[PDB]
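Numbered according to PDB author numbering, the sequence shown spans residues 26 to 135, 139 to 225, 231 to 540, 553 to 906, 974 to 1076.
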Amino acid sequence: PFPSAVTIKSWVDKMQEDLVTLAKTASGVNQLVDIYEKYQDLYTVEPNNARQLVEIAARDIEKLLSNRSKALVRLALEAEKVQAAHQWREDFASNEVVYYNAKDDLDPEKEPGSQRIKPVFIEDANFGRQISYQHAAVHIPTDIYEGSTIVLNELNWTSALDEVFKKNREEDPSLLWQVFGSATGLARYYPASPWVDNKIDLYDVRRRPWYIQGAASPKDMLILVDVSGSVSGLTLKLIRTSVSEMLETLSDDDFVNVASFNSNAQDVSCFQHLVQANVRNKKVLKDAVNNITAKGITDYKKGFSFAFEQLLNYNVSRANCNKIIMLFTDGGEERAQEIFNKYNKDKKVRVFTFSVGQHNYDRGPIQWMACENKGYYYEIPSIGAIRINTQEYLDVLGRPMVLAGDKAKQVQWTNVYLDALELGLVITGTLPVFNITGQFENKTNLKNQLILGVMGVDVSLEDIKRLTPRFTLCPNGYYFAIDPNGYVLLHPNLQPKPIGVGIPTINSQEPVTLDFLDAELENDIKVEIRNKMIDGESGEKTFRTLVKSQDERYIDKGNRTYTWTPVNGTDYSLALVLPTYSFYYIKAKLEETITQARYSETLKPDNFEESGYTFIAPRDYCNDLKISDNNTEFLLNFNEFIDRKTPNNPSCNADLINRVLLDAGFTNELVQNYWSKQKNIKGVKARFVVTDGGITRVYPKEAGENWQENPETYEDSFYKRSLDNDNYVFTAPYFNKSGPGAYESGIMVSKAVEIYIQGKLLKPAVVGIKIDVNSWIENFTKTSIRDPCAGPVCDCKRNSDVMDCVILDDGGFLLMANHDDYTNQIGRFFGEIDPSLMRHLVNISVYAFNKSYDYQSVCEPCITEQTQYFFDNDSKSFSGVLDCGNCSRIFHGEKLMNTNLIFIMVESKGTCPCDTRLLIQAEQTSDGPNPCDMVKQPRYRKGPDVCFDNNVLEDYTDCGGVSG
Ligand SMILES: *[C@@H]1O[C@H](CO)[C@@H](O[C@@H]2O[C@H](CO)[C@@H](O[C@@H]3O[C@H](CO)[C@@H](O)[C@H](O)[C@H]3NC(C)=O)[C@H](O)[C@H]2NC(C)=O)[C@H](O)[C@H]1NC(C)=O
Ligand SMILES: *[C@@H]1O[C@H](CO)[C@@H](O[C@@H]2O[C@H](CO)[C@@H](O)[C@H](O)[C@H]2NC(C)=O)[C@H](O)[C@H]1NC(C)=O
Ligand SMILES: *[C@@H]1O[C@H](CO)[C@@H](O[C@@H]2O[C@H](CO)[C@@H](O)[C@H](O)[C@H]2NC(C)=O)[C@H](O)[C@H]1NC(C)=O
Ligand SMILES: *[C@@H]1O[C@H](CO)[C@@H](O[C@@H]2O[C@H](CO)[C@@H](O)[C@H](O)[C@H]2NC(C)=O)[C@H](O)[C@H]1NC(C)=O
Ligand SMILES: *[C@@H]1O[C@H](CO)[C@@H](O)[C@H](O)[C@H]1NC(C)=O
Ligand SMILES: [Ca+2]
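Written out as structure tokens, the structure reads:
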């Protein structure tokens, strides 16, 4: 029969007592506590003033960005002057311009006016590529010829930029790239490196996001696509491709909507008013455009009366400047003067008309439409012209800002994106270069209304991470930065991968934009904090929050303090996250050389046998010291650097080395004093200790090989979980993996060491014990059953036909069970085993499911969706019958004290046959939030407030029709 409540309570208490006493008397929690207090005077406890740390880091970031901006300013000034001094030569001798071309074979062994350079590249670990500091490299795309009179002249006058490149690199030796995009297509970057290796190069500097950002202002684009009968065939395909390519030239500050009209206008997609050009809204628009079919009779007066009306909707968020209309058609007869005179008579909306396809229609009304209203006229007769014709409109948009003068020259930083030359995540500062030919004397201003190009300097996210040190903080603490759009400049979750836009269809260029709410669990307080950081305010917030574990299988509850201050002079805002225990940290004392030598003796490779297999985190301690992926090489390197020259050396971080050696001494003292006394423990497979300061030691040698955790202590998930929890934490092993299962490695349970210096609280180290599966299962079996209770089993035997005994963790994964096949399935989620039982537990509020979306994830032909189950009711007791289909199974669940395990004893599914749709806990490729519903309630984003959208001097006489 079903055991009584007092009997099962006693049974759970016995199992608890056994496990907790084994863990406490095997891993020396009190032992390390006593060691830490009684080895005082070798360290001091220093405060962590968040208001000071975040301000210092913000000031450092501001200084770095000002350094990066001064180079742009001086480069732009020099380029403007050199263009002002240039003479337009036409007769170029075969050797008059000298450059590298950055795309020629280095060994040709062999032009109209150019002489190539054979440069020398040695190496540079700062870039990873092979670079030359002697001269700059020029990239000319495949389409544009390098012998044209328009390209040779720039190849000549831009040659003066190399001196300023060298001057900037010698003033600030940390400059990565210094690129000068040109209006003709060529790009000049200072460190001479070969271009990226069918290998055809489609790169065009005039389409990169930084160039587009620096060449114009945020736009309000409304593409108007003609879908009448006449555009059927090749014209429709060209229109679709051209619209997609035009959508590709849009940033997050830009708002766009695509409409269509044969005889009555309609929105092409679910959007109705306007959407910002994210990576997802753009995909929605592209798919809706690719679904377009052509049928009907053209009606311009009903399409423009629709475009102008959606350009007047102010209930929604928009860039509120540069209201432009794109007309994609073939040709017609109606110019529709009445519509323009009615809607746009003061001429505040630009109109760009495109004549797509190969035909013989009247290209007359559309040229007049692009002429009367501000705009330019384009013709796309083939796929080749699509790129240039779609990218050219920025030249037209750039006139107001150049006419503004030396007021639009403001440095703007792009979103995080993967570098073209493979440096990883970078951000580029952009400064436009104006045309000042004949500036001193008021003679020429007709062609001075077009930009020469955009200057750009790249700063890597590694620099910004280096400006924010994290090793004085607890692993749970971290830094993050937010831009006005809400995306993260810095975040631990952010990874160098393109953002998943949707489910991968069967059979790097895009910016990496990850929102703050999409990098952590969304919470009500975290939205207010995000809004405050966007507004640019400084404040403190302490609140209870749910934090996802690093392994992403668990959710644990902790106290966190958010401190944020704006990076003044820059749109970005910086914030610091600190748990309560992280407010105080241990700083190692200088001590003496004898102590350093004694501590260095501990972790030598020959000393593994006594100390245990030692892991050292790959943290850079010296500039010459090189971190390695394999921990053995790094440990050998650290040993030889410490022993060979000095424990403390110039150009090395004294604090980090002192902390590491102090931790090594503490760990060796622990092991030799306590662990060595008990050579073998029946319940314990292995004893390991993980300590802040990047050292990990496990006593058994076989366990060291079995140990699969990250060498870095901060990256360990179990370490962070033990920090968050004040009780013993059990970590479920991985199931059906290449790594050894929980039969040779055991079950990992970890308890955090708590230190009380003065009244302060410190949690420097975490200890763990690996539990033998065999000892655990036999102990679980013997205590559960009562020998004289009854003939039929009152509790589970080794293989109970009826009664089922399984103990679960907070995540719900199975750690121990009576059944043999269940024990073969240790480490698996308890779903796929008794899914109806899990659904009942969730329904009665035993576990709480919280789902999220990972956007930077890779699948097999993407956004995935993850689920993470946690305990949510702190009631130690739950019972009930399952009320199964036509039946009912009785269960009782008791949680095992501190250890956090939960034992549930229920009947087998033979008794009451329920349905088994599994409750899966993995990540399943799932498309993310519907964009259509998310645009109705947008998030809060601050927007640039500097727009140059009109000047009255602007000469709109270059409309294009006349010049063709
Ligand atoms: C655009 O191309 C032109 C051709 O290379 C360059 O103009 C030439 O610059 C040369 C620099 O070596 C000048 O040579 C020197 O000029 C001085 C006058 O200061 C004279 O004594 C000599 O002609 C000569 N001597 C020296 C000191 O080497 C050429 O006079 C000059 N003229 C030509 C041939 O066009 C420009 O440099 C280039 N533009 C930019 C901005 O780089
Ligand atoms: C950035 O500079 C601003 C200047 O506006 C600083 O803000 C000032 O802070 C000082 C003392 O902290 C006060 O005397 C001023 O009244 C503040 N001005 C305000 C309210 O804007 C700010 O300290 C700097 N921020 C950083 C990151 O150091
Ligand atoms: C939203 O925009 C629409 C048009 O874009 C406008 O509709 C008005 O709605 C209010 C109340 O909802 C009513 O007075 C009328 O239906 C509309 N006003 C007019 C045309 O007189 C309005 O600008 C916005 N609606 C709201 C919610 O204010
Ligand atoms: C994720 O977990 C949190 C904490 O359990 C959820 O918040 C609770 O939701 C339940 C109902 O699901 C309410 O009864 C509680 O009052 C909520 N607590 C708080 C503090 O709001 C949260 O709703 C879960 N879901 C997601 C996906 O966010
Ligand atoms: C700014 O550059 C100066 C030299 O130009 C340098 O001393 C300083 O460290 C730089 N600031 C940074 C990189 O934060
Ligand atoms: Ca037609």
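All residues carry an ideal CB built from backbone N, CA and C; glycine is no exception.
Margin query: Looking at the secondary structure, which residues open and close the beta strand (DSSP E) in which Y892 lies?
Written below: The sequence position of residue 892 within the sequence shown is 847, counting from 1. For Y892, the uninterrupted beta strand (DSSP E) segment begins and ends at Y892 to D899.
Item checked: C-alpha gap between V224 and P465, whole angstroms -> Walking along the sequence shown from the start, residue 224 turns up at place 196. Walking along the sequence shown from the start, residue 465 turns up at place 432. Our two residues, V224 and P465, have alpha carbons roughly 26 Å apart in a direct line.
Notebook entry, point to check: Taking buried to mean at least 16 other C-beta atoms within 10 Å of its own C-beta, is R76 buried or exposed?
Noted result: Within the sequence shown, residue 76 is the residue found at index 51, counting from 1. The residue is exposed, with fewer than 16 neighbouring Cβ atoms inside 10 Å.
Note to self: Three Cβ pairs or more, each shorter than 8 Å: is that satisfied between the segment 601-616 and the segment 487-502?
What the structure shows: Taking 8 Å as the limit for Cβ pairs, the verdict is that the segment 487-502 does not touch the segment 601-616.
Next item on the list: Since I believe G786 is in contact with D817 (beta carbons under 8 Å), could you give me their beta-carbon distance rounded to a whole number of angstroms?
Entry: Translated into positions along the sequence shown, residue 817 becomes position 772. Translated into positions along the sequence shown, residue 786 becomes position 741. With a Cβ gap of about 13 Å, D817 and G786 do not count as contacting.
Next item on the list: Can you list the residues near ligand 6, meaning Cβ strictly closer than 5 Å to any non-hydrogen atom, in the order they appear in the chain?
Entry: Every residue whose beta carbon comes nearer than 5 Å to a heavy atom of ligand 6 appears here in chain order: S261, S263 and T331.
Next item on the list: Tell me whether the beta-carbon of residue 541 lies closer than 8 Å to the beta-carbon of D332.
Entry: The structure shown gives no position for residue 541: in the chain, residue numbering passes from 540 to 553 with nothing in between.
Next item on the list: Alpha carbon to alpha carbon, how far is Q554 from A453? Give it in angstroms, no decimals.
Entry: Walking along the sequence shown from the start, residue 453 turns up at place 420. Walking along the sequence shown from the start, residue 554 turns up at place 509. Taking the straight line from one Cα to the other gives about 8 Å.
Item checked: Paired residues, beta bridge with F341 - DSSP -> Here residue 341 corresponds to residue number 308 of the sequence shown, with the count starting at 1. Its beta-bridge partners do not exist; DSSP assigns none.
Item checked: Sufficient close CB pairs (3 or more, under 8 Å) joining the segment 513-529 to the segment 629-640 -> Remark: fewer than three beta-carbon pairs, one from each stretch, lie closer than 8 Å, so the segment 513-529 and the segment 629-640 are not flagged as touching.
Margin query: Considering only the alpha carbon of each residue, which of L859, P517 and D669 lies closest to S696?
Written below: As a first step, residue 696 must be located in the sequence shown, where it is residue number 651. Among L859, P517 and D669, the Cα nearest to that of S696 is on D669.
Item checked: Inter-residue Cα distance where the pair is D85 and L500 -> Here residue 85 corresponds to residue number 60 of the sequence shown, with the count starting at 1. Here residue 500 corresponds to residue number 467 of the sequence shown, with the count starting at 1. C-alpha separation (whole angstroms): 6 Å.
Note to self: Extract the residue ranges of the alpha helix (DSSP H) inside the segment 614-692, only unbroken runs of 4 or more that lie entirely within it.
What the structure shows: Counting only runs of 4 or more, we get 638-647, 653-656 and 676-689.
Notebook entry, point to check: Do you know offhand how far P433's Cα is from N348's?
Noted result: Within the sequence shown, numbered from 1, the residue matching residue 433 stands at position 400. Within the sequence shown, numbered from 1, the residue matching residue 348 stands at position 315. Near 27 Å, if we compare the C-alpha coordinates of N348 and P433.
Note to self: As a quick check of your reading: which residues have a C-beta less than 5 Å from at least one non-hydrogen atom of ligand 3, in chain order?
What the structure shows: Going by the Cβ distance cut-off, the answer is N346 and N348.
Next item on the list: Using alpha carbons as the reference points, say which of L648, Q723 and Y719 lies closest to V705.
Entry: Residue 705 sits at position 660 when you count from the first residue of the sequence shown. If you compare the alpha carbons of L648, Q723 and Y719 with that of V705, the shortest gap goes to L648.
Checklist line | Secondary structure of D855, DSSP reduced to three states | finding: Working through the sequence shown from its first residue, we reach residue 855 at position 810. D855: coil per DSSP, three-state reduction.
Item checked: Candidates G156, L483, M578 and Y410, of which the one nearest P517 by Cα -> For the purposes of this step, residue 517 is taken as the residue at position 484 of the sequence shown. A check of alpha carbon separations from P517 across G156, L483, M578 and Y410 identifies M578 as the nearest.
Notebook entry, point to check: What residues in its chain sit with their C-beta under 6 Å from that of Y644, if we drop five residues either side in the sequence?
Noted result: Taking the sequence shown and counting its residues from 1, the one referred to as residue 644 is at position 599. Once the five neighbours on either side are set aside, the close Cβ partners of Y644 are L706, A709 and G710.
Note to self: Closer than 7 Å to a non-hydrogen atom of ligand 1 - does that hold for the CB of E121?
What the structure shows: In the sequence shown, residue 121 corresponds to position 96, counting from 1. Correct: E121 has its Cβ closer than 7 Å to ligand 1.
Next item on the list: Taking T268 and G390 to be in contact with their CB atoms under 8 Å, please state how far apart those CB atoms are, rounded to whole angstroms.
Entry: On the sequence shown, residue 268 is found 235 positions in, with the first residue counted as 1. On the sequence shown, residue 390 is found 357 positions in, with the first residue counted as 1. Right, the Cβ-Cβ distance comes to about 3 Å (below 8 Å), so this counts as a contact.
Check: So does the segment 566-583 actually touch the segment 991-1006, counting three or more Cβ pairs closer than 8 Å?
Finding: Three or more Cβ pairs closer than 8 Å define a contact, and the segment 566-583 falls short of that threshold against the segment 991-1006.
Next item on the list: Throw me the rounded Cβ distance for the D300 and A352 pair, which I believe falls under 8 Å.
Entry: Numbered from 1 along the sequence shown, position 267 holds the residue referred to as residue 300. Numbered from 1 along the sequence shown, position 319 holds the residue referred to as residue 352. Between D300 and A352 a beta carbon distance of about 19 Å is seen, past the 8 Å cut, so the two are scored as non-contacting.
Check: What number of angstroms, rounded off, separates the C-alpha of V794 from the C-alpha of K128?
Finding: What you label residue 794 is simply residue 749 of the sequence shown in a count that begins at 1. What you label residue 128 is simply residue 103 of the sequence shown in a count that begins at 1. Within the model, the alpha-carbon separation for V794 versus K128 is close to 57 Å.
Check: Do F294 and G262 have their C-beta atoms closer together than 8 Å?
Finding: The residue you call residue 294 lines up with position 261 of the sequence shown. The residue you call residue 262 lines up with position 229 of the sequence shown. At a Cβ-Cβ threshold of 8 Å, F294 and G262 do not count as neighbours.
Margin query: Does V993 come out as helix, strand or coil in the three-state DSSP assignment?
Written below: Here residue 993 is taken as the residue at index 881 of the sequence shown, counted from 1. Three-state DSSP puts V993 in a strand.
Check: Should the segment 189-197 be regarded as contacting the segment 162-178, the criterion being three or more beta carbon pairs within less than 8 Å?
Finding: Taking 8 Å as the limit for Cβ pairs, the verdict is that the segment 162-178 does touch the segment 189-197.
Check: Would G510 pass as a contact of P414 if the rule is Cβ separation under 8 Å?
Finding: In the sequence shown, counting from the first residue as 1, residue 510 sits at position 477. In the sequence shown, counting from the first residue as 1, residue 414 sits at position 381. Their beta carbons are not under 8 Å apart, which means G510 does not touch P414 by this criterion.
Note to self: For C904, count the other beta carbons within 10 Å of its own beta carbon; 16 or more makes it buried, fewer makes it exposed. Which is it?
What the structure shows: The residue labelled residue 904 in the question sits at position 859 within the sequence shown. With fewer than 16 other Cβ atoms inside 10 Å of its own Cβ, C904 counts as exposed.
Next item on the list: Give a single yes or no on whether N184 has its beta carbon closer than 7 Å to a heavy atom of ligand 1.
Entry: Counting from one through the sequence shown, the residue named residue 184 turns up at place 156. Yes.
Notebook entry, point to check: DSSP three-state call for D38: helix, strand or coil?
Noted result: Looking up residue 38 in the sequence shown gives position 13. When DSSP states are grouped into helix, strand and coil, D38 belongs to the helix group.
Margin query: Pop quiz: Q424 and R239 are said to be a contact at Cβ under 8 Å. What is the actual Cβ separation, rounded to whole angstroms?
Written below: In the sequence shown, counting from the first residue as 1, residue 424 sits at position 391. In the sequence shown, counting from the first residue as 1, residue 239 sits at position 206. Right, the Cβ-Cβ distance comes to about 5 Å (below 8 Å), so this counts as a contact.
Margin query: For a test of the three-state rule: what should DSSP assign to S795, helix, strand or coil?
Written below: Mapped onto the sequence shown, residue 795 falls at position 750. DSSP places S795 in strand when its eight states are reduced to three.
Checklist line | Spatially closest choice to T46 from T1011, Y1052, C1026 and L1031, by CA coordinates | finding: Here residue 46 corresponds to residue number 21 of the sequence shown, with the count starting at 1. With distances taken between CA atoms, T46 lies nearest to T1011 out of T1011, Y1052, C1026 and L1031.
Next item on the list: For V1047, collect the residues of the same chain with a Cβ closer than 8 Å to its Cβ; drop the 5 residues on either side in sequence, then sort them by chain order.
Entry: Residue numbering aside, residue 1047 sits at position 935 when the sequence shown is read from its first letter. Taking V1047 as the centre and dropping the five residues before and after it, the same chain places the C-beta of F304, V308 and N314 closer than 8 Å to its C-beta, in chain order.
Item checked: Distance, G329 Cα to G462 Cα -> Taking the first residue of the sequence shown as position 1, residue 462 is located at position 429. Taking the first residue of the sequence shown as position 1, residue 329 is located at position 296. When the Cα atoms are used, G462 and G329 turn out to be separated by approximately 48 Å.
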